[PDB]
Amino acid sequence: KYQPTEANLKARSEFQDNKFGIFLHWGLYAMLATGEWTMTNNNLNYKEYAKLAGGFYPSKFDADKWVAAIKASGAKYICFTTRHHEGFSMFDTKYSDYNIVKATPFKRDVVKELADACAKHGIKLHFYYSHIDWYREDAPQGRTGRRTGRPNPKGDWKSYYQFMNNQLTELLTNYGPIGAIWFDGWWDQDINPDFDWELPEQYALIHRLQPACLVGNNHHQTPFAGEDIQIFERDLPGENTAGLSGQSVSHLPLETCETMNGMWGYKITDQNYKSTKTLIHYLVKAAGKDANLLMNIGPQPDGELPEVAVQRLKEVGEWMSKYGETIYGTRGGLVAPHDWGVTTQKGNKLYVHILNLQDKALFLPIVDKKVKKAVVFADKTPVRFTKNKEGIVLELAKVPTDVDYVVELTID
Amino acid sequence: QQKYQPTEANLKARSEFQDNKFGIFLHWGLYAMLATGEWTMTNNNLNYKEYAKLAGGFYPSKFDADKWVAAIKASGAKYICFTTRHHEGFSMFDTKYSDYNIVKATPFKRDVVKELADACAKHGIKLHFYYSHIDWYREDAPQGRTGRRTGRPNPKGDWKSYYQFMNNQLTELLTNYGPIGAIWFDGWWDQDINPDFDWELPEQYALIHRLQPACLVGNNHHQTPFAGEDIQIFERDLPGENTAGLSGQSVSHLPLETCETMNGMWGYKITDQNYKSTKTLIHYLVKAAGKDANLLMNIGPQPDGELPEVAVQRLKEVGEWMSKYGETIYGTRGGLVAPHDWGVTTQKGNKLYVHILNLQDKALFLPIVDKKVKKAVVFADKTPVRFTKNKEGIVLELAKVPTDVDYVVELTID
Ligand SMILES: [Cl-]
Ligand code: NA
């Protein structure tokens, strides 16, 4: 029954072309510095938690600096937590005083400042928005938020649902063009299979306000009517390592998310950042399975992006400046992921991303199609290959030890 | 630190607009029946309800959007600016926010804007929408200088209602008709008697950019452009010029556009059948380009739905010229050499096109001193033009006294 508009369909293709975005988890939980789940993990009282807002002053926040650092990685979009499960709004809302402008001494709308910086730098802006809420007294309780001290575990769905829609209206009118709404929390009511999220009306609201905006919902199900992208939580499309999303794979654009260290919202214990090579491999492997990668940073309560995260972004971007052509604008490749790497493709080119190879030769199961040419992407040096009944065999100059040794094949 | 930050999409759209250079204005509304001008309502103090009765007689039976766009494309024009709703307040599109519109209130019963959008898309012509900030018909519209003798009950209007009505219609225009190249506002000057009048333009410009980031915003206020506008309009005058008395404002850094009429009026006028010559119209386009400006040349369609026959022929002959010389206009910016009495220059890449429009001599001095001129040829047949250097520039030696509409000399610079 859902009919995407032309503008929406163009947006979907642009999203797939862009390939690489940065997740930003920032909320009051950054003060506690123990994770965005702390409020329900530690059964904190909702009114006591809200007192934190009077001490929230991220004095070194600079939206220009954030977006410039994110652009330097080769990322093309940002997904920002406008309001997480804690229920604190990081924007100037007229529907709750529990927001960054009214309830903190900082008194600044960081979502507006980020929107302006994104326009300056040519970065698209996506909004994460929590379907669940551990703070509001009208929010129904599912699996989480049962020990916040609130009086009405049933909530008042008509009131809560209207509040959500009123806020979505603000986010889709007051902050310029928005590339996507990224919903989360559906899983909180999976104990109640008859729970009615009333998503057709809510998705219709979004597309009415901005037809080009993409709707995603992190529910781990076959996408519902009106969704424009499909999300896989730390699990890569056809895979369920973390146990969070081993679902089907569909006709909508795919996106998977990873953290750069161990955490989403800022954790002060967590200073083990993954290597630049590991991060580049996340991006390449995602692209190789026809999926975007959303890589998360958790900003500090002083308003700075972690120093090590900024440096890792910079080095990923140095790689992208050389190899971005093999990622941007591509779709998942003809040759499926293997232990040695993955392929992406664009036009008549198949990029063979050799990530983990022990040998000086590589068999590729390319049988039906003729490989017209094979070169080293970096310098266009020829790569010899032979044909056998099962495909082709690349003869490489050495055992590759590069982060990603890309061979560019021409196929017609 | 700037409130308004143009997106990459908008900045690209600005450069495409400047590349396209030539557009056609179309003023069409109920005033076409009276055939005395779009200002007739306020000039003759017509009652708003009496004027609205005209709509029951509006039936432009020969309207053919495909024929219009084809005739306009043949001129070399690359976009069209069409009056969706003029000061008379009559909506030329199917709108849910007023029944005073071409579908609901006339026997013609057709959304001509829809048909024009479809035809523009088919022929690859960009569509811009003119939209009036003032309204002589609605009872909630505030009155300024004009529309004070319409018989309406409330000179103060109800701005909250009227402004919400405008933004509802703008949403329709940007939702139901595909990609729109520009919104072209007009009427700010109606309230210049009230220095504190709040048009609430930031919110309205933001709505346009929110729904279509690549859509350009223009406002014919004759002022320094307000934040949020993407083009600057000069009415009936080259930028920097003021022969018509409507253009005393300074020239900004936004893309420039000047508008002109083919005859004397914007809306169709049955007395006014004195059409400027093809040569004059080509001179308008070339002089505009030489001043780093687009030209928007107007036609006022007839109440039977046809474009004036003489205007169509003029378009055709302008297009014959563009078929030969368009490379010297399209994709160019105002040239190194500023406009002179003899003509103007335009530039693109390593080429400076010297447009000789009015020269009585067989030679032409050009003040090109910093840059080296590698080569000079007659654009039309690539025949070499000899030139010499002097301390103040160069002197071209021409084969004859030029009498062409535009005798173009192509210089190669580096
Ligand atoms: Cl000069
Ligand atoms: Na269109």
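Just so it is clear, the values below take in all heavy atoms, side chains as well, and ignore hydrogens, waters and symmetry mates. Each chain gets a letter, A, B and so on, in the order its sequence line appears, and its residues count up from 1.
Heavy atoms of B:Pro179 lying under 4.5 Å from chain A are absent altogether. Interface residue A:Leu172: only backbone heavy atoms are found under 4.5 Å from chain B. With a 4.5 Å cut-off on non-hydrogen atoms, A:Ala212 does not touch chain B at all.
For B:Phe185 and B:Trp199, the ring centers are positioned 6.0 Å apart or more. Checked against a 6.0 Å centroid threshold, the rings of B:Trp188 and B:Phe197 do not count as neighbours.
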Practice item. Begin with the C-alpha distance, continue with both residues' side-chain angles, and end with the deciding distance and a verdict on side-chain hydrogen bond (donor to acceptor under 3.5 Å, both in side chains) for A:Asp109 and A:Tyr175. Key: CA-CA 11 Å; A:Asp109 187 336; A:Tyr175 299 94; 2.7 Å; yes

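Geometrically, B:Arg138 engages B:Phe165 in a cation-pi contact, judged by NZ or CZ lying under 6.0 Å from the ring centre and within 45° of the ring axis.
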